[PDB]
Amino acid sequence: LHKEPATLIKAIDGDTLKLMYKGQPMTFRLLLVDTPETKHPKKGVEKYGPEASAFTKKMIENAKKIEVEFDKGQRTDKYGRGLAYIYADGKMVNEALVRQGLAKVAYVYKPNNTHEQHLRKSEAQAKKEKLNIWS
């Protein structure tokens, strides 16, 4: 796997962002993580939703460099969102959210599962520390 550059357009919520990638606006969905939703139609804002959204927004807006890393499988979902691991100054946003107890590790879909074990280690530490979603 290889990291490519991208530029922020807009942070949409905790796990969805609009970036400029290879010259075009594209929506990205963060691979392997589920963040509580803010714009969820059924039962409005979920708990930790605004916080997960603020954490990704801060991390991405304050960064010097944003990179996008596709996994081994399909690179877009059925809604046309890029499926990637996103790095802000070399730090993976997907992992940072799980580490702070602001996301759960998603149901995984082989072969887009390269960083699953690493994220599962971070989630188990956040559970052990009782952070946010886990308190």
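Following Swiss-Prot, chain A residues are numbered 89-223, in order.
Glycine too: its Cβ is placed from the backbone N, Cα and C atoms.
Here's what Swiss-Prot has on this protein:
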BINDING   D103, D122, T123  Ca(2+) binding site
ACT_SITE  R117  active site
ACT_SITE  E125  active site
ACT_SITE  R169  active site
COMPBIAS  203-219  compositional bias 'Basic and acidic residues'
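Locations of recorded Swiss-Prot features on the structure.
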{"residue": "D103", "record": "Ca(2+) binding site", "Cβ within 10 Å": "25"}
{"residue": "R117", "record": "active site", "Cβ within 10 Å": "18"}
{"residue": "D122", "record": "Ca(2+) binding site", "Cβ within 10 Å": "16"}
{"residue": "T123", "record": "Ca(2+) binding site", "Cβ within 10 Å": "26"}
{"residue": "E125", "record": "active site", "Cβ within 10 Å": "20"}
{"residue": "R169", "record": "active site", "Cβ within 10 Å": "17"}
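The secondary structure of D103 (Ca(2+) binding site), as reduced to three states from DSSP, is coil rather than helix or strand. The Ca(2+) site, placed at the center of the C-beta atoms of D103, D122, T123, has further neighbours from the same chain whose C-beta lies within 8 angstroms: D101, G102, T104, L118, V121, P124, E125, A140, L185, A191, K192, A194. Among the recorded positions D103, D122, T123, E125, not one has a Cα within 10 Å of the Cα of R169 (active site). Residues of the compositional bias 'Basic and acidic residues' (203-219) grouped by DSSP class, helix first, strand second and coil last, total 13 helix, 0 strand, 4 coil. Comparing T123 (Ca(2+) binding site) with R117 (active site), their Cα atoms are 11 Å apart once rounded. You'll find the Cα of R117 (active site) roughly 6 Å from the Cα of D103 (Ca(2+) binding site).
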